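Only one chain is given next, in structure tokens, and it is the form deposited in one PDB entry.
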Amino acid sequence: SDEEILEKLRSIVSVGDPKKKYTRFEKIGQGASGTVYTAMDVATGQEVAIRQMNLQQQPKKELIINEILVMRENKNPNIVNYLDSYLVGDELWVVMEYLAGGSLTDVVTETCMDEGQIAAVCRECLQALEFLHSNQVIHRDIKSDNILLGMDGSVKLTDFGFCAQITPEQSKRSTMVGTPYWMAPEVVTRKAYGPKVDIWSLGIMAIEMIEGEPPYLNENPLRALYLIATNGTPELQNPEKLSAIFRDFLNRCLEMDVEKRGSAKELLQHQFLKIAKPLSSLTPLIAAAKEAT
């Protein structure tokens, strides 16, 4: 219902008009998902990202409430911090911490990471995923675009628009929600999948970090999932360039058999993560990427 959704958003949000509370607006985005700005918390000096939406033209408002509630109750150092929300008339505002390091996409697209930098990023993501899965949250849309970076090398998952919450009674999902190139084969071949779809996705993201894109990126999306289903574990262009332990880490992420594929908990113990460089090692790639876009 339209009315009920508004009453429910009303209870969630803080009161009043937030344009007093934030000063230096610069639009950095737009679309059906509304408009995104960077701004400064006029009180505390903190730089924030704000999404403004008009509700009279948002299709699936249930997804919006769900996302906010999920951010609120699942805080974690490797998840982009949800700050506050506001509702002025039909205009909903969501305020998030701002991460100046850009997206991983910028990084993989403009720079070449070494194995130690990749291990560090992979470690940080698995920390997020272990926490989420242990709380029965499946992100379902893991990709470099949904990794945000701090200037200090900090690594945070974002965009929980497509996440699933599972339960012991309904602990498996079937909805095809993720971005095609990153989707596990079982999302298309079967109608039952679990949290390990995020691990497959992370594996594809690891491929991004090596080759600069996920496999089949040139192909039409429609055709990607067919290729994913039928090729199974994707091939690297120069596997021999990789360390044996990195290759083994990938094989565990990209295992066709869900049961053999590593869980996050399991993968956090993998020895590949132990060559991780300090997160600050990422700052030169971040700066360079920033300067290239």
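Each form is matched to the other, and the largest set of C-alpha atoms that superpose within 1.5 Å is called the rigid core. Shifts are known only where both forms have a C-alpha. Note that residue numbering follows the sequence shown and begins at 1.
The next section is about a form of this same protein that is not shown, the form deposited in another entry.
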Checklist outcome for this item: Among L236, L268, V42, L69, the C-alpha that moves by 2 angstroms or more between the shown form and the other one, rigid core fixed, is that of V42
Next on the checklist: Superposing on the rigid core, I want to see if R24 changes position between the shown form and the other one - specifically a Cα shift of 2 Å or more.
Outcome noted: yes
Checklist entry - Where does the protein shift between the shown form and the other one, taking runs of 3+ residues with every CA moved 2 Å or more once the core is matched? => result 20-26, 40-45
